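Undergrad: Next one to model:
(chains A, B and C)
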Amino acid sequence: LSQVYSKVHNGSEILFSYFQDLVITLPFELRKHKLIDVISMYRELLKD
Amino acid sequence: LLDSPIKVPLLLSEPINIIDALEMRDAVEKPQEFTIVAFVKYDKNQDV
Amino acid sequence: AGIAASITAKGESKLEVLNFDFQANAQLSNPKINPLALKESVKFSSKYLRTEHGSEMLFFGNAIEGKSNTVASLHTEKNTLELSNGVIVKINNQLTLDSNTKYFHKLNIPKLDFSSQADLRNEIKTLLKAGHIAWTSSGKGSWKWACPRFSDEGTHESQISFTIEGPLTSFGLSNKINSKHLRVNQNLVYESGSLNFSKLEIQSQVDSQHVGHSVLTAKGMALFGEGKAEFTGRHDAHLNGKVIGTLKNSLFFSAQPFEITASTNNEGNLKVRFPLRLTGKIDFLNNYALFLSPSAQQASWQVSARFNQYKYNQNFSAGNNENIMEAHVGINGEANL
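TA: Residues are numbered from 1 along each chain as shown, chains lettered A, B, ... in the order given. The protein structure is shown below:
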């Protein structure tokens, strides 16, 4: 279970990095930080 | 909201955002510019 | 009467892959005496993909000539794919066509040291005529790739020969394939002239280092009207590796007016290497012989099946004769306990 969850978390982290890279390189009003925080909380949720 | 990229999807995934390639720092108050110009004519010889 | 239709569509942005350069043209010509000429050329250019086409149809009454080519080429860092097709069709009195198809790719993924390549030429030459068919194609192709999970290399050569003329059918198939681990030649020959005869000949030769060799040869000659059937069926199989032994199958017979004889002979001595160093001793003798005549007949079947230490011979032989009637059953078998 630890190995499988580690692999899934690695894939999720790759996706998160890609999405954050897309978000940063786009115009936004105030929501970049909100999305980044949501993604980080999602990573913590995955670990839990 | 009106500064979002506009394109025809030959490739759906963008390695670099079109705005990022445009290097703009667009804000809400920046007036985005759009202008469509179309002419159509059907010609009949006046020499009958 | 002629129409000129030209199109130039250019949608430009950044990310050159996203930029295309389209051009389409269409031209038609038609005099009152009706020789017609049509031509088309469509071009698009985007960095990701480029495909080109040109077609020019002509119609001089009975004479019709069609030319149409399309070539597409994909270009990316990992791989560059290339496909090209040229089509030449002409119809004056017969309908003869050629359509050539070249395929190519060179895919390389150095992340795991993977490289794949395959060039395929798929060409058709065909002729149609009332009373004659001339069809043939060459399935020529080769391959190579080296990957830690998979590595192969070899050449494939397939030729298909078909033809029609009169009441006789001619068809020739011959497949010759070579590979690092598998080598095989497959020739097939068939011919039958109207309702007179039928010639069937098979040539299968499979080469495998791990299994050993296997030879299958068999030939057929059937003559109609007289009801004669005489096909020669033989085969030799050498087994190597986990299964080691020899399997021989002799299939002989002769169907003749008022005379029919069948000779089937299946023989095998097999020693199967099971896991844990256990060997199954399979040795069997399955032998058949039949004869048929209007006044007398006979059938004989003999089996001598033996497994490891258990041996079984089953004997049966029936013979029909006016002088004597034969009826015997021989059953014998031992099973060590």
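Undergrad: make it CA atoms for all contacts and neighbour counts henceforth
TA: Noted.
Undergrad: What residue in the stretch 51-200 of chain C comes nearest to chain A?
TA: residue C:111 (17.2 Å; Cα to the nearest Cα).
Undergrad: For chain A, give the residue positioned nearest to chain B.
TA: Using Cα to the nearest Cα, residue A:25 is the residue of chain A that sits closest to chain B, at 5.7 Å.
Undergrad: excluding its backbone neighbours, what's nearest that residue?
TA: Distance criterion Cα to Cα, 6 or more residues apart in numbering or on different chains; nearest residue to residue A:25, sequence neighbours excluded, is residue B:20 at 5.7 Å.
Undergrad: What count of nearby residues applies to residue C:56?
TA: Counted with other Cα atoms under 10 Å in any protein chain shown, the burial measure for residue C:56 works out to 17 neighbours.
Undergrad: so how far is residue C:40 from it?
TA: 6 Å (Cα to Cα, to the nearest Å).
Undergrad: who in chain B is up against chain C?
TA: Applying Cα under 8 Å from any Cα of the partner chain, we find that chain B lies next to chain C at B:7, B:8, B:9, B:10, B:11, B:16, B:18, B:21, B:22.
Undergrad: number of nearby residues for the closest residue to chain A within chain B?
TA: Closest residue of chain B to chain A, Cα to the nearest Cα: residue B:20 (5.7 Å). Residue B:20: 16 surrounding residues under other Cα under 10 Å.
Undergrad: again, but for the one 3 residues further on
TA: For residue B:23, the neighbour count with other Cα under 10 Å is 11.
Undergrad: cool, and residue B:17?
TA: The tally of other residues near residue B:17 (other Cα under 10 Å) stands at 20.
Undergrad: name the element residue 38 belongs to?
TA: Defaulting to chain A. According to DSSP states H and E, residue A:38 maps onto helix A:31-47.
Undergrad: Sorry, I should have been clearer: chain C.
TA: Going by DSSP H and E, residue C:38 is in strand C:35-46.
Undergrad: Please apply the same query to residue C:279.
TA: strand C:278-292.
Undergrad: what's the farthest-apart pair in the residues of chain B next to chain C?
TA: Farthest-apart pair in those is B:10 and B:22; separation 19.3 Å (Cα to Cα).
Undergrad: Residue C:124 and residue C:96, how far apart?
TA: 10 Å.
Undergrad: again with residue C:67
TA: Per Cα to Cα, residue C:67 is found 13 Å from residue C:96.
Undergrad: From the chain's centroid, how far away is the strand holding residue C:38?
TA: Averaging C-alpha positions (Cα atoms, centre = their mean, to the nearest Å) puts strand C:35-46 38 Å from its chain's average.
Undergrad: buried stuff in it?
TA: Buried residues in strand C:35-46, counted by 16 or more other Cα atoms under 10 Å in any protein chain shown: C:36, C:37, C:38, C:39, C:40, C:41, C:42, C:43, C:44, C:45, C:46.
Undergrad: Equivalent analysis for stretch C:229-246, please.
TA: C:229, C:231, C:233, C:234, C:235, C:236, C:237, C:239, C:243, C:244, C:245, C:246.
Undergrad: Out of those residues, list just those in strands.
TA: Among the buried residues of stretch C:229-246, the members found in strands (DSSP state E) are C:229, C:231, C:233, C:234, C:235, C:236, C:237, C:239, C:243, C:244, C:245, C:246.
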